[PDB]
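Protein chains in written order, with the authors' numbering: chain B, 1 to 212; chain C, 26 to 114; chain A, 1 to 219.
We put the beta carbon where it would ideally sit given N, CA and C, even for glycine.
The structure appears below as structure tokens.
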Amino acid sequence: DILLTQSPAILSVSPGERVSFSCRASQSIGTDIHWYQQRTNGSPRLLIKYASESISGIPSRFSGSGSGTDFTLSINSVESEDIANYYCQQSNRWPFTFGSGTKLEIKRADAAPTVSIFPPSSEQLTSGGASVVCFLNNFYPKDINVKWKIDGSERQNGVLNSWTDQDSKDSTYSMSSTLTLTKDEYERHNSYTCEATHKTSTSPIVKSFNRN
Amino acid sequence: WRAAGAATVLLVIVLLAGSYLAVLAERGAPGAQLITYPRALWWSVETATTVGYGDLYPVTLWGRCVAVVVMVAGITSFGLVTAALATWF
Amino acid sequence: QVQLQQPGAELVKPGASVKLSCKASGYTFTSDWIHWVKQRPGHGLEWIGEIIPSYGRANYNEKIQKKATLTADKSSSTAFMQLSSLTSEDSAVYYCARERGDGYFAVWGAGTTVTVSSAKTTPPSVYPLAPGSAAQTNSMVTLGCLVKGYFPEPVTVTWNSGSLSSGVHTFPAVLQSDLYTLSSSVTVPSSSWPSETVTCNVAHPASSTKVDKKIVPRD
Ligand SMILES: [Rb+]
Ligand SMILES: [Rb+]
Ligand SMILES: [Rb+]
Ligand SMILES: [Rb+]
């Protein structure tokens, strides 16, 4: 069956630049190759069909080229909304097949995180739970470290972090650190801080709050 | 032009039915290239006319049956070519 | 209007079997083929099989192990994929798509997240997230909402029924002891709050439970 090689797997380009994803067939397939876009948690979306034929509802930024075994999907002037996974699919010989995929990745100007700490809600406490959340928002690069201090002391237990894939609104990244204690363990500590260490600033960004 | 011109009808029916059935017959068969309606039709026309390029053809068994039906009901049906014997007027 | 409707989620115990669906709408022809594509988190798309409702025939991908059986229902315009005897391996999102017999998939379904676990369905708990009393505010302000204790995925967190979209981050859930937990966030101008109501609609298909929670300032 036909094999669709999509390499490189990741493409790093600067905004406004031109980018090219390539798809190679294990055998000549004429122009029976089709392109799909898939954003984080979205479903695939037809971008180009039959290698070059356009599609209505798709930016004129998108174009295709090639025939036989070598195909290229292009984007003129990439942009945040274009951050996704691109796939190629062929309909030359049965059964249709898919490309491994190619993640576009925009490189923008370093941005500092916007930290915000939040006290657990009463609605929750009312159920014996205490979740102190902290947000490290819209930073870049995506590399970042977050620290938890309780009454000035570093905490590592009960902390669950969550990172988001690059954002298609501004090509940035965001993370969610969540320290979860029992109402009890929470009822016996004054202040909770949340420090963010990011390449944008040597000294950490902190946000604290006292329970009283 | 009624006895002959009527054949053009049959021909277009065969060409069409052939395309649909062919795709139906061929899909599921690894390597079959006769798997989309459009070209499935280009094929039927080149089979009926028997131009024979060999850019497309059936691999499954029923595909070949549909093929034979198209060839017979098609070469016959190409009594439309004789219908254009009106150029002898 | 949306053309392929697929059930957001479906839980299944190992060895069990589920029959996914996909109801159509819009234009329909006898040349239409409905396909099914499997997609495990992190990995790409995998063709599973296809069917032609206006005839009923279906073909399946011979590379992978056959765990499905396609069927259609002309009248209701609904295609059914029967997945039998599932295992952790079978857990993933499954999309159905419509192909006009010309080779490409023009439109796709929202996909049905399927989880193969012995765990039990648990609706999520949505707590608010307003700044702490001493949070000096600036040109903008950040509010959010915690969604925990739910299983299996997924959940859809919108803000003000979707009217509030600019400035929202919904972090990927994290699993711990059979229960998922995630948090969404929204940033609006400091002025617009709390004069202008801000709620986070949270939906959990696996339990048919959608909940609203207004985010007002702490007492
Ligand atoms: Rb010939
Ligand atoms: Rb020939
Ligand atoms: Rb030939
Ligand atoms: Rb002849």
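Take the alpha-carbon of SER60 (chain B) and the one of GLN82 (chain A): they are about 40 Å apart. Take the alpha-carbon of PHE114 (chain C) and the one of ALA108 (chain C): they are about 12 Å apart. Counting the other CB atoms within 10 Å of its CB gives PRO131 (chain A) a total of 16 or more, which places it among the buried residues. Against chain A, the beta carbon of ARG89 (chain C) has no neighbour under 9 Å; the closest one sits roughly 18 Å away. What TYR62 (chain C) touches in chain A, judged by beta-carbon distance under 7 Å, is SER31, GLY101 and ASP102, going in chain order. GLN82 (chain A) has A:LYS19 and A:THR69 as its beta-bridge partners, per DSSP. Scanning chain A for C-beta atoms nearer than 8 Å to the C-beta of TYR87 (chain B) yields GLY44 and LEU45, reported in chain order.
DSSP places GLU187 (chain B) in the helix class (H, G or I) of the three-state scheme. Less than 7 Å separates the beta-carbon of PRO152 (chain A) from that of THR115 (chain A). If you draw a 10 Å sphere on the C-beta of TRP159 (chain A), you find 16 or more other C-beta atoms in it, and that means buried.
The beta carbon of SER118 (chain A) sits closer than 8 Å to those of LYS13 and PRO14, all from its chain and outside the five residues before and after it, given in chain order. A straight-line Cα-Cα distance of about 50 Å links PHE80 (chain A) and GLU185 (chain B). Secondary structure at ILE48 (chain A): strand, using DSSP grouped into helix, strand and coil.
At least one heavy atom of ligand 2 lies closer than 6 Å to the C-beta of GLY77 (chain C). Contact holds between the region 105-116 of chain B and the region 199-210 of chain B, because three or more Cβ pairs, one in each stretch, are under 8 Å apart. Neighbourhood of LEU129 (chain A) in chain B, by CB distance below 8 Å: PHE118, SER121 and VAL133, in chain order.
Per DSSP, the continuous beta strand (DSSP E) segment holding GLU10 (chain A) begins and ends at 9-12. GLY167 (chain A) and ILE60 (chain C) have their C-alpha atoms roughly 46 Å apart. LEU164 (chain A) has its alpha-carbon roughly 11 Å from the corresponding atom of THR197 (chain A).
Unbroken beta strand (DSSP E) stretches of 3 residues or longer found wholly inside the region 43-129 of chain B: 45-48, 62-67, 70-76, 85-90, 102-106 and 114-118, given in chain order.
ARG218 (chain A) and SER133 (chain A) have their C-alpha atoms spaced approximately 7 Å apart.
Only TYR87, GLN89, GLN90, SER91, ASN92, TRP94, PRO95, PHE96, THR97, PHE98, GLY99, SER100 and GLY101 from the region 86-110 of chain B bring a Cβ to less than 9 Å from some Cβ of chain A. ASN61 (chain A) has a beta carbon lying at 7 Å or more from every beta carbon in chain C. For a cut-off of 8 Å, the C-beta gap from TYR87 (chain B) to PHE98 (chain B) is around 6 Å, short enough to register as a contact.
For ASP1 (chain B), the neighbours in chain A by C-beta distance under 8 Å run, in chain order, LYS63. The C-beta distance from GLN6 (chain A) to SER25 (chain A) rounds to 12 Å, too long to meet the 8 Å contact threshold.
Within the DSSP secondary-structure output, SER208 (chain B) pairs in a beta bridge with B:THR193.
Taking 9 Å as the Cβ-Cβ cut-off, the region 34-52 of chain C approaches chain A at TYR45, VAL48, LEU49 and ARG52, given in chain order. For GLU17 (chain B), same chain residues with a beta-carbon under 8 Å away, outside a window of 5 residues either side, are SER77 and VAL78 in chain order.
If the five residues before and after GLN39 (chain A) are omitted, its C-beta is found closer than 6 Å to the C-beta atoms of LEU45, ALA92 and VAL93, all from its own chain and listed in chain order.
Taking one beta carbon from each stretch, the region 179-197 of chain B and the region 38-55 of chain C have fewer than 3 pairs nearer than 8 Å; the two do not touch. Under the DSSP definition of a beta bridge, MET140 (chain A) partners with A:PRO189.
Below 8 Å, enough C-beta pairs join the region 177-194 of chain A and the region 135-146 of chain A to call them touching: three or more.
Taking a beta-carbon distance threshold of 7 Å, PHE151 (chain A) does not count as an interface residue toward chain B. Within chain A, the residues whose beta carbon sits less than 7 Å from that of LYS49 (chain B) are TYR104, listed in sequence order.
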